[PDB]
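Have a look at the structure below before the remarks.
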Ligand SMILES: C[C@@H](Oc1ccccc1F)C(=O)O
């Protein structure tokens, strides 16, 4: 199970870790993917999770999109976790680099409330363009279930912990 996490609140924990390495180690029930509406797992967390599954996550995602169409920004879908987790909760946070409404980040985090425990990245942070300090604040103010946040960047992890209020 989860180890070496810093407790931020009653239900939010954080660690400086590669979410792929963390998923392979723990084999959580749910690993969250930082997805886009098309489930095109090209870069960031999505590209790294997909590569770890030997592209099985992308093949499965393309079948999902062919059947259901794209997700909504702020929405999610539950797919297989392949070799990384029981399930992968693909959550679409707003991409501010594409002019998506940052207010949709709270709706994106609300998807975590349907799962008792999750391994997750900070939504809309990194290549999605939003402020990670703001993403952590929305996470702790929205998620009520047990969330274990994996922050890849050490300098960001330190800044998130030192500025947490
Ligand atoms: C949210 C994401 O942020 C970064 C990733 C890579 C470089 C810089 C970052 F600020 C993370 O560390 O998990």
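Numbering (the authors' numbering), first residue to last: 5 to 169.
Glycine residues also receive a C-beta, built at the ideal position from the N, C-alpha and C atoms.
Straight-line gap, residue i to residue j (C-alpha atoms, nearest Å)
| i | j | result |
| --- | --- | --- |
| residue 114 | residue 142 | 10 Å |
| residue 50 | residue 154 | 14 Å |
| residue 7 | residue 163 | 21 Å |
| residue 81 | residue 52 | 18 Å |
| residue 20 | residue 9 | 8 Å |
| residue 13 | residue 137 | 15 Å |
| residue 47 | residue 54 | 9 Å |
| residue 165 | residue 25 | 21 Å |
| residue 101 | residue 5 | 35 Å |
| residue 76 | residue 57 | 24 Å |
| residue 161 | residue 125 | 12 Å |
Minimum C-alpha distance to residue i - residue among the options
| i | options | result |
| --- | --- | --- |
| residue 87 | 138, 11, 151, 27 | 27 |
| residue 139 | 65, 167, 73 | 167 |
| residue 30 | 85, 10, 47, 63 | 85 |
| residue 95 | 24, 39, 14 | 39 |
| residue 71 | 20, 63, 125 | 63 |
| residue 78 | 67, 15, 101, 116 | 116 |
| residue 122 | 57, 158, 147, 59 | 147 |
| residue 93 | 5, 120, 100 | 120 |
| residue 134 | 118, 103, 76, 145 | 103 |
| residue 145 | 111, 165, 125 | 111 |
| residue 105 | 124, 128, 89 | 128 |
| residue 73 | 89, 32, 44, 56 | 44 |
Per DSSP, cross-strand counterpart(s) of residue i
| i | result |
| --- | --- |
| residue 94 | 37, 81 |
| residue 101 | DSSP lists no partner for residue 101. |
| residue 150 | 121 |
| residue 155 | 20 |
| residue 11 | 17 |
Beta-carbon gap between residue i and residue j smaller than 7 Å
| i | j | result |
| --- | --- | --- |
| residue 42 | residue 152 | no |
| residue 109 | residue 97 | yes |
| residue 91 | residue 34 | yes |
| residue 2 | residue 156 | It is not possible to answer for residue 2, since the shown part of the chain is limited to 5 through 169. |
| residue 132 | residue 99 | yes |
| residue 150 | residue 59 | no |
Ligand 1 heavy atom lying under 6 Å from the CB of residue i
| i | result |
| --- | --- |
| residue 73 | no |
| residue 155 | yes |
| residue 112 | no |
| residue 169 | no |
| residue 170 | Summary: the structure shown does not reach residue 170, with the chain confined to residues 5 through 169, and so no result is reported for it. |
| residue 133 | no |
| residue 160 | yes |
| residue 123 | no |
| residue 103 | no |
| residue 129 | yes |
Any non-hydrogen atom of ligand 2 within 6 Å of residue i CB
| i | result |
| --- | --- |
| residue 126 | As presented, the structure is devoid of ligand 2, carrying ligand 1 as its sole ligands. |
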